[PDB]
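Note: hydrogens, waters and symmetry copies are ignored here, and every other heavy atom, side chains too, is used. For reference, positions follow the sequence shown, starting with 1.
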Amino acid sequence: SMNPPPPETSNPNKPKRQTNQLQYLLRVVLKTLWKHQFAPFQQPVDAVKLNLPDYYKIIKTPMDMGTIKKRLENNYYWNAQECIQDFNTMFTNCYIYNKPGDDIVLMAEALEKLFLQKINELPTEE
Ligand SMILES: COc1cccc2onc(N)c12
């Protein structure tokens, strides 16, 4: 029923990097998805406000674009794959929790279509 602590966006002992691929994930990937008409995914799922008391019983690896945005802006990642995994976790969580055909599923699908289109053109490491 209650909301858990949000995913980590700051960890000073975690080693960090500022790479061209990570810059692409913020400037191109996150920015395209964030501006979209279907961008429920801009903050962690509020199970209390949205009345989803079983959400966190089912979803054990929560992820959202608000967390991803903070992670990219505060240079939390070491590599592009960590960020790509976060986006994939967010889409997977939506498909696992929600029933097939739901509005929220179609919203995640539209964002995922653009995500795959952008990741297809991930630049080579400089
Ligand atoms: C408004 O967001 C929702 C409403 C209902 C179910 C949901 O699952 N994942 C979400 N982001 C979500």
Side-chain angles (χ1 to χ4, degrees):
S1 182
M2 282 164 73
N3 287 318
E8 195 174 77
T9 59
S10 177
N11 190 337
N13 280 336
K14 187 187 185 290
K16 318 299 202 303
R17 275 204 306 189
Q18 298 171 123
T19 70
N20 62 291
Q21 291 189 332
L22 282 167
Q23 283 176 290
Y24 179 88
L25 273 149
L26 172 71
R27 291 171 87 254
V28 178
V29 192
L30 191 275
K31 243 61 88 76
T32 297
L33 268 69
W34 191 269
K35 72 185 189 189
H36 196 273
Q37 58 269 38
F38 302 151
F41 310 98
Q42 286 176 326
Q43 59 287 310
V45 172
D46 193 331
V48 179
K49 289 283 187 199
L50 296 167
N51 192 23
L52 309 171
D54 63 331
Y55 191 84
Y56 294 101
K57 176 69 188 167
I58 301 159
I59 304 306
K60 302 298 183 197
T61 63
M63 196 44 67
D64 64 280
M65 297 199 291
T67 300
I68 295 161
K69 184 166 183 286
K70 284 178 180 181
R71 283 180 175 194
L72 284 162
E73 287 169 346
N74 298 287
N75 304 291
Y76 176 86
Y77 305 116
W78 180 261
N79 63 40
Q81 271 290 98
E82 281 183 280
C83 188
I84 292 163
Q85 180 58 260
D86 283 351
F87 277 105
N88 283 321
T89 297
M90 182 187 84
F91 300 128
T92 301
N93 290 347
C94 185
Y95 310 144
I96 290 174
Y97 180 76
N98 301 283
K99 54 167 261 113
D102 278 8
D103 284 341
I104 188 74
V105 172
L106 297 163
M107 289 169 96
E109 281 177 355
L111 296 180
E112 194 183 13
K113 190 187 173 182
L114 290 168
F115 167 76
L116 289 157
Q117 213 172 280
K118 304 305 179 190
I119 291 306
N120 184 47
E121 294 188 63
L122 187 70
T124 56
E125 289 184 282
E126 284 180 4

Pairwise side-chain contact, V48 with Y55, heavy-atom cut-off 4.5 Å (strictly under): no
Please say whether more than 12 non-hydrogen atoms of neighbouring residues, nucleotides or ligands are located less than 6.0 Å from CZ in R27. no
More than 12 heavy atoms from other groups under 6.0 Å of NZ on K14: yes
Atom of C83, atom of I68 and distance for their closest heavy-atom approach: SG-CG2, 3.9 Å
Of all heavy-atom pairs between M63 and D86, which one has the smallest distance, and what is that distance? CG-O, 3.2 Å
Are more than 12 heavy atoms from other residues, nucleotides or ligands located less than 6.0 Å from atom NZ of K16? yes
Can you hop from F41 to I58 via hydrophobic side chains spaced under 4.5 Å? no
Under 30°, 30 to 60°, or over 60°: which ring-plane class applies to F38 and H36, parallel, tilted or perpendicular? tilted
Around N11, counting heavy atoms of other residues, nucleotides and ligands shown, do more than 12 lie under 6.0 Å from its CG? yes
As an exercise, state the distance from CZ of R71 to CG of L25, rounded to the nearest 0.5 Å. 13.0 Å
Dump the intermediate steps for side chain to side chain contact (heavy atoms under 4.5 Å, CB included) on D64 and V45, then the final yes or no. CA-CA 8 Å; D64 64 280; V45 172; over 6 Å; no
Inter-residue atom distance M90.CE - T67.OG1, 0.5 Å rounding: 10.5 Å
More than 12 foreign heavy atoms under 6.0 Å from NZ of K113: is that the case here? no
As an exercise, state the distance from NZ of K70 to CD of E73, rounded to the nearest 0.5 Å. 9.5 Å
First locate atom NZ of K35, then atom CG of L114, and finally report the distance between them rounded to the nearest 0.5 Å. 9.0 Å
Do the side chains of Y95 and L111 join up, straight or via other hydrophobic residues, at under 4.5 Å, putting them in one cluster? yes
Inter- and intrachain pairs under side-chain hydrogen bond (donor to acceptor under 3.5 Å, both in side chains), touching residues 115-125, at least two apart: none
Consider only side-chain heavy atoms of I, L, V, M, F, W and Y, link residues closer than 4.5 Å, and tell whether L33 and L72 are in one cluster. yes
Would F91 and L52 show up in the same hydrophobic cluster when neighbours are defined by side-chain heavy atoms closer than 4.5 Å? no
In Å and rounded to the nearest 0.5 Å, what is the CG to CD1 distance from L122 to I84? 5.0 Å
